[PDB]
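Protein chains in written order, with the authors' numbering: chain D, 2 to 14, 23 to 69; chain D', 2 to 14, 23 to 69; chain A, 1 to 289; chain C, 61 to 238; chain B, 10 to 261; chain B', 10 to 261. A prime marks a further copy of an entry chain. Worksheet: the structure to be examined is printed underneath.
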Amino acid sequence: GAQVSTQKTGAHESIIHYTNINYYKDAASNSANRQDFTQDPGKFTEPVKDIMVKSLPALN
Amino acid sequence: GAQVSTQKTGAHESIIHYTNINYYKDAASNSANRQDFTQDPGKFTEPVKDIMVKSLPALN
Amino acid sequence: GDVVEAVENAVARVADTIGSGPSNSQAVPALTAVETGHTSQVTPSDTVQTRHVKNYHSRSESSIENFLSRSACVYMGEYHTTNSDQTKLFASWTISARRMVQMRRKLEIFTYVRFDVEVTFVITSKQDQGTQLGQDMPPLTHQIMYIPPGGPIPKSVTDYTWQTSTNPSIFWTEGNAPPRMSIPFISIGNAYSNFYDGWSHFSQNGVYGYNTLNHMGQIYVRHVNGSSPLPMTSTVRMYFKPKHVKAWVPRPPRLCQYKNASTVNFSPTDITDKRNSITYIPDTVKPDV
Amino acid sequence: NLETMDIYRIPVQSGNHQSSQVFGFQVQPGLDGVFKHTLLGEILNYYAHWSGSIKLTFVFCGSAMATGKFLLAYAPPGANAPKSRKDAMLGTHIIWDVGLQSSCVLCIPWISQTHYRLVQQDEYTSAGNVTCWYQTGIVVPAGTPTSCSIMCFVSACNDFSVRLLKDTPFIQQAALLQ
Amino acid sequence: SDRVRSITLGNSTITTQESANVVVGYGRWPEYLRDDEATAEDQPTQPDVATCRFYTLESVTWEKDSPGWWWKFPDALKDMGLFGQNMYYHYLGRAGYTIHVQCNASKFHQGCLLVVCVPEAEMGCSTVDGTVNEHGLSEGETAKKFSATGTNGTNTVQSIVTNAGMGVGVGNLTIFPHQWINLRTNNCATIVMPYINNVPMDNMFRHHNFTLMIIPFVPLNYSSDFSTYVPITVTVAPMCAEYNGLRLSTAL
Amino acid sequence: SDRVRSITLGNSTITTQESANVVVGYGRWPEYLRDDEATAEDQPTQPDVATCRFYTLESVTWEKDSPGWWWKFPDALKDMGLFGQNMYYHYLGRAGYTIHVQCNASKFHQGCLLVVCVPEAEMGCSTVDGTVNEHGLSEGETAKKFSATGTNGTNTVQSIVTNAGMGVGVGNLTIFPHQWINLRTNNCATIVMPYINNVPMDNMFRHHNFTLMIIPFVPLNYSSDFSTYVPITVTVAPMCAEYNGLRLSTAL
């Protein structure tokens, strides 16, 4: 009971995917999640209550 | 003719399963049943005929 | 289910703590009669006000299978490549799990057990100490042979008996992975018996205990190259990993140290460690006294 | 008492002994002498982590004509053991009335910063203590013994589990033919 | 049987195998102050479990000639954990209580205790034209002792049991909530008192809402009954405690 | 204008006529512990108003050469009314905070303060192969002072501002929740910190959940501005305080 997902694209602008099967009983044995790419800068660059529209003054 | 079942959950709150195929003719050759988790404390903690409701006296 | 299969779902969750408030009634859960031989089923919520807790803790690692299913050394012996003693040229013992304590105390927690066994052997050799040490011995190849009760027994490293036309044998060469194989539940009875409050003879004498029930044959192991200019010596270590387990009538864990392999004999030993007084509780939490 | 049936008897008696604490002990199920060789303790020693509530059942073994009330208290960590009944009653406790129901259950609810504690307990995974006091002395009619014994049983509740298998400190050998 | 009984408040539980009943105030269970009965306008603190639980006071010894004992109430619990701390920090407080007096003996002992909660038990002075002391009134936990004879001394309460320190017939204390502990039949007394006063809340140091009195009417007695030690223990649990007017702590 | 702002917790209210904004944790508002995140099984105490209100710490003086100041946190409020009392009586505690740093000057003064809350601010020793003191770490209210030069002494924190007592570049302290107080535009800073730790609850004496640092980056300055006295005041209010594991009070 296998999974097929896409490969990271290389040297050019269907054969661009790979297949994987897990052979172990523990999730710890699995390979790394190198393909997950989320992001949320907000937690850090903009943790202000009161939304700053910035195109407007920011004070006044 | 293989079997797919789930892995013991690890480091986080579909890819959480594994596949297995038996290659030998004797059940003795198979791997351990580390995933069976039944339980029946009763045989030992409460082997009394006459059900003890315990919220009630227990004697009287 | 079927306790022979290498797969089977279901989480072994412990109980949630039910939220509990104040009470004034005739309910008296905290008052029982221990004389009945029943263990009280009281939980925190019966005696104090508790919050609700969704408990995800599982008892997976305390299942009998996961408790016993880890290879354990149950025996170790030596044999030489070359010697004048003939006897010292091969090793042999009688199968049992009674010669190494760790494994033994684990099994003895149950009166009867039934299971298949994964046997793994770790063999090592060293060159014996001496004045001349230079030689160029090719890789050592060993032979492990199992002799069910009643089979002819080797009398020398070169006995016809090692032909194993029928006994099962393992030939292995050093440097490779340790040898391994599964053995089925081999008992004459319906479960291996760890204790036997009985005799071998009908007249209530003869041999007492575990031994009369054993008789699972023995193991013989020898080198096959058979030679070495200078003396060398090998050590064979055997490991047992029970698998596909079933256990019955649990008993207290052995408290006194073991005295020998054939008996349950022991010397009187302390129930536990002493402390100063029945009220002694050490003071932690002090600006360090 | 290490090799006599006394180690199992908690002494209690008639007369004025209120100031006198009946007993007390640390809650280290897999480590302190009081618990380590117990059924629960021997099992905990094959693991490195534990979690759950514990049941302490106390049974009175005096004559039927004997009478009395005790205060059984459990104090979570952070302070030293209560040194008086006043201090002890500020924590978790039951007041046990000796009667036809010979036994009383003090349940030690799981209160901890962490989900698990080391069986080989340290101060970081401290669990507190339980102490016992006369709530109202032992009274008795004439012709009956003026002192008796209280026994104490321990067992795990249904929220109890253990993790991380390891060997027991309790068994060993110097050589084979074991 | 209905002799059996358990009670749980906070992290504490009481049990009895020989109870009578349970007496409830003047039939009123404690309740928190309602909006149409309140004057103090600030938000109350209601510690709940940290505060409404069983506190056990220091025990007393019943001797063949003990006249009796008493305790004043909100004061007496003033050093009991967070119930006491909340007292020190607030100007106003309000609470009800479950009082559980414990005393076990044997089928061969005999004696009978009256256990009463007297609301507003203003006491008289020994020195008739003098005035009492707070000390003559209460000693916190511990307990003042009644006396078998007339007492003297300035500041102390005229404590001859016979007049209950109030100038009435002790044998009439029964119009107040109470139970009896008759050793031959019973081994504890339980009374639940609701807040009783002529104002919705009050200061807990300045006003003794009520007094608990334990007076033996038939004295303790026994024979070669190798049990001469018969203690009495009082355990009480505040109920529905709420506090108002928070500020710095009061001066001890 | 949005410079105007008011905040009310318990019996206390703060106001400003010159605020910037309000910074919120890592975008997370404080919340009480949820059942699916808890381990301690006993009922919590949630004092609410008695505990979640504004406590003002002793002020500090901003001098033309002040390097900076810091405060460790759950400890520091340990003597603040009932918030502190609940700390002493419980093994476990959990809280969030609204921190409001106040500093007003004049349109003719200048200077700029960085106000930061550093979670888990483990500090280094002055004596490189020695270890710190609890004293070198915190003095409750009051405040430890950073230093303009390397410090020595056993037990004290290596406090040269430049490395913030942590061995990093002070100018990078901005990945932590913070605001700046630039006298020309602003007269206060407000940061709401949620509980942050690797366990759901913790002991409040043994672990400093976070450190508040006030470091001037552009120094105070002025002229014949008959105002040389420019104080800085820290007011903080616990939010959603809850406590577990009640027992006798901890030893001071």
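Idealized CB from N, CA, C, for every residue including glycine.
Check distances from the C-beta atoms of the stretch 38 to 54 of chain B to those of chain B' and list, in chain order, the residues that come in under 7 Å. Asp-51, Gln-52 and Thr-54
Using a Cβ-Cβ distance under 9 Å, would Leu-166 of chain C count as near chain D'? no
Which residues in the same chain as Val-87 of chain C place their Cβ atom closer than 8 Å to its Cβ, once the five residues preceding and following it in sequence are excluded? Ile-114, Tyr-134, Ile-168, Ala-187, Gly-188, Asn-189 and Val-190
The stretch 76 to 94 of chain B contacting the stretch 211 to 225 of chain B, beta-carbon criterion three pairs below 8 Å: yes
8 Å Cβ shell around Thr-43 of chain A - same chain, five flanking residues per side excluded: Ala-15, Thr-17 and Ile-18
Run down chain B' in chain order and give the residues with a C-beta less than 9 Å from the C-beta of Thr-50 of chain A. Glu-50, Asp-51 and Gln-52
For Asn-61 of chain C, count the other beta carbons within 10 Å of its own beta carbon; 16 or more makes it buried, fewer makes it exposed. Which is it? exposed
From which residue to which residue does the beta strand (DSSP E) around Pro-225 of chain B' run? 219 to 230
Selection of the stretch 224 to 236 of chain A by Cβ proximity to chain B', strictly under 9 Å: none
Please list the segments of the beta strand (DSSP E) lying wholly inside the stretch 80 to 126 of chain B', counting only runs of 3 or more residues, in order along the chain. 99 to 111
Give me the Cβ distance between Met-100 of chain A and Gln-238 of chain C, rounded to the nearest whole Å; I'm assuming they're in contact under 8 Å. 6 Å
From what residue to what residue does the alpha helix (DSSP H) around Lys-96 of chain C run? 93 to 96
Nearest-angstrom Cα separation, counted from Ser-84 of chain A out to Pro-229 of chain A: 13 Å
Under 7 Å between beta-carbons, which chain D residues line up against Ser-15 of chain B'? List them in chain order, please. The contacting residues do not exist; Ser-15 of chain B' stays about 14 Å from chain D at best.
Terminal residues of the alpha helix (DSSP H) in which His-144 of chain B lies: 143 to 146
Taking the alpha carbon of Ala-12 of chain D' as the point to measure from, which residue in D:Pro-50, D:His-26 and D:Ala-41 has its own alpha carbon closest? D:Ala-41
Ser-115 of chain B versus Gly-93 of chain C: straight-line alpha-carbon distance, rounded: 36 Å
Let me make sure I understand the geometry here. Which of A:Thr-272, A:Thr-284, A:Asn-260 and A:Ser-277 has the alpha-carbon closest to that of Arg-104 of chain A? A:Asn-260
Can you tell me which of B':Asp-45, B':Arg-62, B':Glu-67 and B':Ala-59 puts its alpha carbon nearest to the alpha carbon of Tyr-56 of chain A? B':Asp-45
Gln-218 of chain A (DSSP reduced to helix, strand or coil): strand
What is the DSSP secondary structure of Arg-215 of chain B', reduced to helix, strand or coil? coil
Three-state class that DSSP yields for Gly-51 of chain D in the structure shown: helix
Measuring CB atoms only, is the stretch 25 to 41 of chain B touching the stretch 62 to 69 of chain B, in the sense that at least three cross pairs come out at less than 8 Å? no
Output yes if chain B' places a C-beta closer than 9 Å to the C-beta of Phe-53 of chain D; else output no. yes
May I have a chain-ordered list of the beta strand (DSSP E) segments no shorter than 3 residues that lie completely inside the stretch 134 to 204 of chain B'? 187 to 191 and 197 to 202
Shortest alpha-carbon distance to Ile-241 of chain B belongs to which of B:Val-137, B:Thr-151, B:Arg-14 and B:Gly-34? B:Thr-151
Can you tell me where the beta strand (DSSP E) with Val-87 of chain C in it begins and where it stops? Unbroken run through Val-87 of chain C: none, as it is neither H nor E.
Interface partners of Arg-223 of chain C on chain A, CB under 8 Å: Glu-61
Extent of the continuous beta strand (DSSP E) run through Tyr-33 of chain D': It is not in any beta strand (DSSP E) - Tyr-33 of chain D' carries neither H nor E in the DSSP assignment.
Span separating the alpha-carbon of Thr-212 of chain A from that of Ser-227 of chain A: 39 Å
May I ask you to report which of helix, strand or coil DSSP gives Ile-109 of chain A? coil
Of the residues that make up the stretch 200 to 212 of chain C, which ones have a beta carbon closer than 9 Å to any beta carbon in chain B? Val-200, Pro-201, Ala-202, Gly-203, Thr-204, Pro-205, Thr-206 and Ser-207
Find the nearest neighbour of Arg-59 of chain A within the set D':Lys-9, D':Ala-67 and D':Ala-36, judged by alpha-carbon distance. D':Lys-9
Beta strand (DSSP E) runs contained entirely in the stretch 27 to 98 of chain A, provided each spans 3 or more residues: 72 to 80 and 90 to 94
Please confirm whether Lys-106 of chain A has its beta-carbon closer than 9 Å to some beta-carbon of chain B'. no
Top-ranked residue by Cα proximity to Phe-185 of chain B', from B':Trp-78, B':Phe-117, B':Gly-90 and B':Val-32: B':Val-32
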